[PDB]
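Structure first, then comments.
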Amino acid sequence: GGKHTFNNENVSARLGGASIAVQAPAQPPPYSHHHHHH
Amino acid sequence: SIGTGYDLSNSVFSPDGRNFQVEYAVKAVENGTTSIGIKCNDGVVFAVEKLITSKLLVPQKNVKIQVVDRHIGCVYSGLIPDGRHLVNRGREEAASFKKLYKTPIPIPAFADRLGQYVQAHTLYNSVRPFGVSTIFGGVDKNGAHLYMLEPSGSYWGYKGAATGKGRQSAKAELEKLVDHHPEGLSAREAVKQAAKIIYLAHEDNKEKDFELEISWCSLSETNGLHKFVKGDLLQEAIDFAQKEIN
Numbered sequence: 061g062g063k064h065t066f067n068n069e070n071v072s073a074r075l076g077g078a079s080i081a082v083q084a085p086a087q088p089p090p091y092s093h094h095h096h097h098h
Numbered sequence: 038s039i040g041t042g043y044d045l046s047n048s049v050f051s052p053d054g055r056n057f058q059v060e061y062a063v064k065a066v067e068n069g070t071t072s073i074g075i076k077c078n079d080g081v082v083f084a085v086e087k088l089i090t091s092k093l094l095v096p097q098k099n100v101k102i103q104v105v106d107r108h109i110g111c112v113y114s115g116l117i118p119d120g121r122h123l124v125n126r127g128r129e130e131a132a133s134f135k136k137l138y139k140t141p142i143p144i145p146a147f148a149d150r151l152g153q154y155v156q157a158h159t160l161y162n163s164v165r166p167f168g169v170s171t172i173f174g175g176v177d178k179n180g181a182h183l184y185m186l187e188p189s190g191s192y193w194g195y196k197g198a199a200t201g202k203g204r205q206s207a208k209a210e211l212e213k214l215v216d217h218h219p220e221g222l223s224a225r226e227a228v229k230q231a232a233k234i235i236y237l238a239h240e241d242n243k244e245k246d247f248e249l250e251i252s253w254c255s256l257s258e259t260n261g262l263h264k265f266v267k268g269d270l271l272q273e274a275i276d277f278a279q280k281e282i283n
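Just so you know, the protein sequences line up as chains Y and A, in that order. Those letters in the first sequence? Residues 61 to 98, per my numbering, in order. Those letters in the second sequence? Residues 38 to 283, per my numbering, in order.
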């Protein structure tokens, strides 16, 4: 009744994103006004 | 903006031994009018582009030169008040050099009582430096003098000076003269030879009209004091100048 094949391949890309990280050192100011400047 | 941390304050040093707030003040002088001073065989002549923003301003009485005690002058290019704050220290201490020594203050000893003061602002933290670069010279016992003041605290002795936005230009026409005339200009051609320059230095601002000002100090024509100009002397110098460039 049917002679064709299908050949289900992985022609599609894909991805899994949980790029979870730790540090975040971005920007500590301990001199918000330099604390008497002097 | 090499350092986003080392600019919020003064009295710091970058990793490259620099302090950048001085290196940003200097960019406030550049956004200022032009001002020069020529050295001569007897004295000096100063000058300036005095811009006019409207038609409504009175002529010849929004002057910009400030005259210190009769024998030295100071002209600005930058932020004016920090300037006028500065002569108004130079106009008082020189007295305090007189009432102890009785001589009019010389020119160098007037500098080190400025060039040492300005340097004080660029080492504390609770202050701001000056956004000026003022020229000053005059006459004394041992000849003429002429100097530049610069917000880093430096000053050096110049035959010719120019600041503002017309720096790169007037640093040429003052190189030409010092090749033609090593023997010292007289004090009645330098003047008109100054007017030639400010009319050439304007052309960064060909938009807007303006006004020209001069002040001049030399022994022969004045007997050794500071003074403005008036009359045929500057009017011809105007007539001299815009002639040659048309």
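A virtual CB, placed ideally from N, CA and C, is assigned to each residue, including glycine.
Going by DSSP, name the residue or residues bridged to residue i.
i	result
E248/A	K87/A
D177/A	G180/A
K264/A	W253/A
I109/A	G175/A
residue 29/A	Outside the displayed range of chain A (38 to 283) lies residue 29/A, so it cannot be described from this structure.
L186/A	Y192/A
At the level of alpha carbons, what is the spacing between residue i and residue j?
i	j	result
residue 299/A	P188/A	Because chain A in this structure spans residues 38 to 283, residue 299/A falls outside the shown range and cannot be described.
residue 287/A	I75/A	The question about residue 287/A has no answer, for chain A in this structure spans 38 to 283.
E248/A	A238/A	13 angstroms
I117/A	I109/A	18 angstroms
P96/A	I89/A	9 angstroms
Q156/A	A131/A	19 angstroms
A199/A	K87/A	14 angstroms
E226/A	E240/A	23 angstroms
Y236/A	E281/A	10 angstroms
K101/A	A62/A	21 angstroms
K264/A	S51/A	45 angstroms
residue 284/A	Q83/Y	This structure cannot speak to residue 284/A, because chain A is shown only from 38 to 283.
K63/Y	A78/Y	43 angstroms
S91/A	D246/A	9 angstroms
Going by C-alpha distance, which of the options is nearest residue i?
i	options	result
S206/A	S72/A, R55/A, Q58/A and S51/A	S72/A
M185/A	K208/A, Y195/A and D177/A	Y195/A
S257/A	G201/A, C77/A, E67/A and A65/A	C77/A
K98/A	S46/A, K267/A and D276/A	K267/A
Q272/A	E250/A, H263/A, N283/A and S255/A	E250/A
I234/A	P118/A, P141/A, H263/A and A84/A	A84/A
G190/A	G115/A, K101/A, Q153/A and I275/A	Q153/A
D276/A	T259/A, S252/A, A231/A and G201/A	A231/A
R107/A	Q279/A, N260/A, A274/A and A278/A	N260/A
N242/A	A209/A, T171/A, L222/A and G201/A	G201/A
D79/A	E220/A, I282/A, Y236/A and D269/A	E220/A
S170/A	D53/A, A65/A, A278/A and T41/A	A65/A
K178/A	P143/A, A148/A, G197/A and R150/A	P143/A
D119/A	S91/A, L94/A, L151/A and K136/A	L151/A
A148/A	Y161/A, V105/A and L137/A	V105/A
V82/A	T41/A, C111/A, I39/A and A146/A	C111/A
With DSSP run on the structure shown, which of helix, strand or coil describes residue i?
i	result
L271/A	helix
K202/A	coil
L256/A	helix
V100/A	coil
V155/A	helix
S133/A	helix
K196/A	coil
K208/A	helix
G127/A	helix
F167/A	coil
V228/A	helix
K139/A	coil
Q279/A	helix
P145/A	helix
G62/Y	coil
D119/A	helix
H217/A	helix
When you compare the stretch 154 to 170 of chain A with the stretch 54 to 63 of chain A, are there three or more beta-carbon pairs, one atom per stretch, that lie closer than 8 angstroms? yes
I want to know whether the stretch 209 to 216 of chain A touches the stretch 112 to 128 of chain A - three or more CB-CB distances under 8 angstroms. no
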